[PDB]
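Reading through the structure tokens given below for one structure.
Read the figures in this text as sums done on the coordinates, not as results from a lab. Please note: Cβ atoms are built from the backbone with ideal geometry, for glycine as well, and neighbour counts cover all protein chains shown.
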Amino acid sequence: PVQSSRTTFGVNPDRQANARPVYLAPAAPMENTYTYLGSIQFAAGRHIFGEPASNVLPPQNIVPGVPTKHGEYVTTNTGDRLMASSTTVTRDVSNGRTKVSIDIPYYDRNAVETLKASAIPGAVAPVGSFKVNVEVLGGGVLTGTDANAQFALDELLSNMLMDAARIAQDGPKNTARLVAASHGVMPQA
Amino acid sequence: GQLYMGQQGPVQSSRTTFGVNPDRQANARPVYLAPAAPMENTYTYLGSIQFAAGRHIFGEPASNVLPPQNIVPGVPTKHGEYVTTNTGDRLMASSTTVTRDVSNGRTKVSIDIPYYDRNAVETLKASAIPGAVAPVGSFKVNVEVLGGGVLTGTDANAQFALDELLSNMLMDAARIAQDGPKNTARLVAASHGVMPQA
Amino acid sequence: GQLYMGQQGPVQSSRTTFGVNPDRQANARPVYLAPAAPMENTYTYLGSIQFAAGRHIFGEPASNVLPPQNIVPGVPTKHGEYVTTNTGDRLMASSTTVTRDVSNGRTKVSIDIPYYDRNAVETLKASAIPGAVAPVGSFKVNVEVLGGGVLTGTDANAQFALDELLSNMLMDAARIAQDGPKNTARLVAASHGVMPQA
Amino acid sequence: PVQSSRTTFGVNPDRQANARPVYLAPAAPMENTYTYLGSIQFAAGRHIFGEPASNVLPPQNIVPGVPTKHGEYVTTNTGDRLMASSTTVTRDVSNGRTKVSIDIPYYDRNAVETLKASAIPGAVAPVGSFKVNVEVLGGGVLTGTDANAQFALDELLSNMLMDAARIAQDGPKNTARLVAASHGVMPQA
């Protein structure tokens, strides 16, 4: 049996194992989002948000010097006639894939303001949350690559991250771009 | 539950669902779809390192800004792709892709760039062989915004404020993802995380 | 058991576990991790034989001393790799690797060097063909130090003495491994051992 | 069906069978370790070791001229208020893989010295041992390789052995490097 093929020069590569321990931040900064929340005075629609304790979130379950494949930073949200609720930043580092997720809760502004205006002492639990996920598939580094080269790959993935976030938020602030999304339409241009 | 002192007398604390409207607004909102995808940051860095880190050799793009592949103005889609074609010396040209999926309030952008075997490419150059190399693997970065389930009284104007809130969470998330000194390992070939004592 | 004469009279010998403390100290001791791996002996010999023994042709290293591949200063790991890339005339460049695993008191160092088909390489040179050859196989050498289970009263200072004791056993082991005249076969393609009568 | 491939020149090699009988030492020298044991006066921590009979270990189960795939050299350890105990060097030669292992026992110095100081005539059996393994994977010699070339491969593996042992013991004697190992840390440098 004679078979046909399409050839290029080379050999299937030798991949390096994902045995490289990585740096883990001793705290998570959330300055951008919380300054914007201060901007809108923690309210939009009938979503009302809580004021954090710190713009920088301390670690909750990360002992220093202890390898952890999953870790959480958390700070508490307080507010007038709000039940204290935690905002959470989750990092999962495993098998060459690193993933960061951010979850902030929101309350029913109608309930909160009805309580405030009526001078009722009830405290409201959160009605929902908003979440943002970010993921970096950094596995499969080739065997020849040394430590210094892997540093370069680190910064390369960093810049791809920045580009992905810009492409996600890209657009005029005049038009709808993220929430309650149904479908995308390219402008007539 | 617990007991406290109200002006009627000692009174039992109570937790009720009375007066909380959790109704949600349907994800029926058309969103802006960019006419091209700017990858300026990654490609300026790739020019910085001369498109080579260790054994990973990268292709030179057609453009720093990627044109649409299956998106047409005025046609609504839930999936859109931008693409250019990387080229290089003794490298078979290979596409780099940026995918955007917008469904049910969930927006997701993924970036996939290929690379090639520098050991093979420099073998080709050094011993003056006439062949070329095909891509050997890729790197991928995903970003996801779960913006579903806005409340019913969310004003049309306030949805823009929510838009900007989510985009700022995006920026914070990428910063937390790449945060750390460049003296130490932080992203690729990751096994686990180790935060330093001091 | 057996009977002997004690000053009380004939007395039975006895074997007891009384007064023996076998408690062990946990393997919780950080160890030094070299910032590079020196392969000087093997590569000076490879220069001696001109990187060729029979049909096995070897690559020329980048350095006699190998840099770390996934080790970063100040980050603790239980697995560390050093690597360089062998190159050669009409040879596709191929990595040589030195792996160190440190777990639960057991330290293990392994060395893997590839080789190529000299019949193919000299066919390429002789008939003026333009291609190159990929590695055909490898040789591997493993070394293992089982240093777990130190006793409880082992002083912090005395653990260094134990360190040096184990390293001297290492040297003796390699000498016993390669011991023998170079007139006669002793390592590769080994089937069995035959010690000479005289 | 058209399939793609990555080509280099050559043919999958013809390997030679592992039918090459090898030299077997008529005794095992342990001079390095036993001179060091004399240095520390056979004691460290509460490990106490025995004095050997010979620095060079005779064979126990190796008849000369008899092919053996497994053999042992052994010498007896004696000491004051110590039960005689054997230190063992084991060689396994099979299927192109040769492996040498060294096992030396140690006793409870607290028990031994309590007996000595109290002038008690008890003899102590070993509480544990330390072991070092060394292994050479020499199979797969290519068919073209002749006897003289195989000599060269012998010495090549010898030098890789030496390098592996140096890389294993490498480091300052100021810092911890082998026993009770938990994890490795590269110095700030």
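Numbers at a glance
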quantity	calculated
Filter result (crowded, with 21+ Cβ neighbours inside 10 Å and not basic (K, R)) within segment B:172-186	B:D172, B:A173, B:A174, B:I176, B:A177, B:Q178, B:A185
Test: residue in segment B:46-69 that is under 30 Å from A:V179 (Cβ atoms), in contact with a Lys or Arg (Cβ under 9 Å, 6 or more places away or on another chain), at the interface with chain A (Cβ under 10 Å from one of its Cβ atoms) and buried (at least 16 other Cβ atoms within 10 Å of the Cβ)	no
Lone unmet requirement of (1) surrounded by fewer than 23 Cβ atoms within 10 Å (Cβ to Cβ); (2) facing chain D (nearest Cβ under 9 Å) for C:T107	(1)
Every residue from segment C:83-110 that is more than 17 Å from D:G184 (Cβ to Cβ) and among the hydrophobic types (A, V, I, L, M, F, W, C)	C:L91, C:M92, C:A93
Residues located in segment D:10-36, provided they are facing another protein chain (nearest Cβ under 7 Å), aliphatic (A, V, I, L, M) and under 22 Å from the mean Cα position of the chain (by Cα)	D:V22, D:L24, D:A25, D:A28, D:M30
Filtered residues of segment C:51-83 (kept if assigned to a strand (DSSP E or B) and polar (S, T, N, Q))	C:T77
Segment B:149-182, subset assigned to a loop (DSSP other than H, G, I, E, B) and either touching a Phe, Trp or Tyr at 6+ places or on another chain (Cβ under 8 Å) or facing another protein chain (nearest Cβ under 7 Å) (or both), residue nearest to A:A181 (Cα to Cα)	B:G149
Hits in segment C:183-198 (condition: within 7 Å of chain D (Cβ to nearest Cβ), among the small types (G, A, S) and in a loop (DSSP other than H, G, I, E, B))	C:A185, C:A189
Residue match in segment C:125-137 (condition: within 7 Å of chain D (Cβ to nearest Cβ), buried (at least 19 other Cβ atoms within 10 Å of the Cβ), of a type in the set (A, V, I, L, M) and under 21 Å from the mean Cα position of the chain (by Cα))	no
Residue count, segment B:102-136 (criterion: in contact with an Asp or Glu (Cβ under 9 Å, 6 or more places away or on another chain) and in a strand (DSSP E or B))	7
Candidate set from segment D:146-171 (those that are polar (S, T, N, Q) and out of contact with any helix residue (DSSP H, G or I) (no Cβ under 7 Å at 6 or more places or on another chain)); member that is surrounded by the most Cβ atoms within 10 Å (Cβ to Cβ)	D:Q150
Looking only at segment A:62-117, and only at residues there that are more than 30 Å from C:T77 (Cα to Cα) and aliphatic (A, V, I, L, M), the one that is farthest from the other protein chains (Cβ to nearest Cβ)	A:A84
Test for C:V102: is it in contact with a helix residue (DSSP H, G or I) (Cβ under 8 Å, 6 or more places away or on another chain) and either within 7 Å of chain D (Cβ to nearest Cβ) or of a type in the set (S, T, Y) (or both)	no
Filtered residue count, segment D:53-69, keeping only those that are touching a residue at least 24 places away in the same chain (Cβ under 8 Å) and within 17 Å of D:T90 (Cα to Cα)	10
The listed residue being out of contact with any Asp or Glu (no Cβ under 9 Å at 6 or more places or on another chain), closer than 27 Å to C:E81 by Cβ and hydrophobic (A, V, I, L, M, F, W, C), out of A:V2, A:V22, A:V93	A:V93
Tally of residues being over 22 Å from C:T97 (Cα atoms) and among the charged types (D, E, K, R) across segment D:134-189	2
Lone unmet requirement of (1) buried (at least 16 other Cβ atoms within 10 Å of the Cβ); (2) more than 8 Å from every other protein chain (Cβ to nearest Cβ); (3) farther than 30 Å from B:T123 by Cβ for B:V31	(2)
Segment B:77-99, subset aliphatic (A, V, I, L, M) and free of Cβ contacts under 8 Å to residues at least 60 places away in the same chain, residue nearest to the other protein chains (Cβ to nearest Cβ)	B:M92
Breaking point among (1) out of contact with any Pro (no Cβ under 7 Å at 6 or more places or on another chain); (2) surrounded by fewer than 22 Cβ atoms within 10 Å (Cβ to Cβ), for B:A189	(2)
Residue check, D:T98 surrounded by 21 or more Cβ atoms within 10 Å (Cβ to Cβ), among the polar types (S, T, N, Q) and in contact with an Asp or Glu (Cβ under 9 Å, 6 or more places away or on another chain)	yes
Strands (runs of 3 or more DSSP E) wholly inside segment C:1-50 that include at least 1 residues being within 22 Å of the chain's Cα centre (by Cα) and in contact (Cβ under 8 Å) with a residue 40 or more places away in the chain	C:29-32
Matching entry among D:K131, D:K173 (being closer than 30 Å to C:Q69 by Cβ, in a loop (DSSP other than H, G, I, E, B) and either touching a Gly at 6+ places or on another chain (Cβ under 7 Å) or facing chain C (nearest Cβ under 7 Å) (or both))	D:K173
Filter result (more than 17 Å from D:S101 (Cβ to Cβ), surrounded by 14 or more Cβ atoms within 10 Å (Cβ to Cβ) and within 11 Å of chain C (Cβ to nearest Cβ)) within segment D:41-61	D:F42, D:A43, D:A44, D:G45, D:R46, D:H47, D:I48, D:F49, D:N55, D:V56
Where B:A26 falls short, out of the listed (1) touching a helix residue (DSSP H, G or I) at 6+ places or on another chain (Cβ under 9 Å); (2) among the aliphatic types (A, V, I, L, M); (3) more than 30 Å from C:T96 (Cα to Cα)	(1)
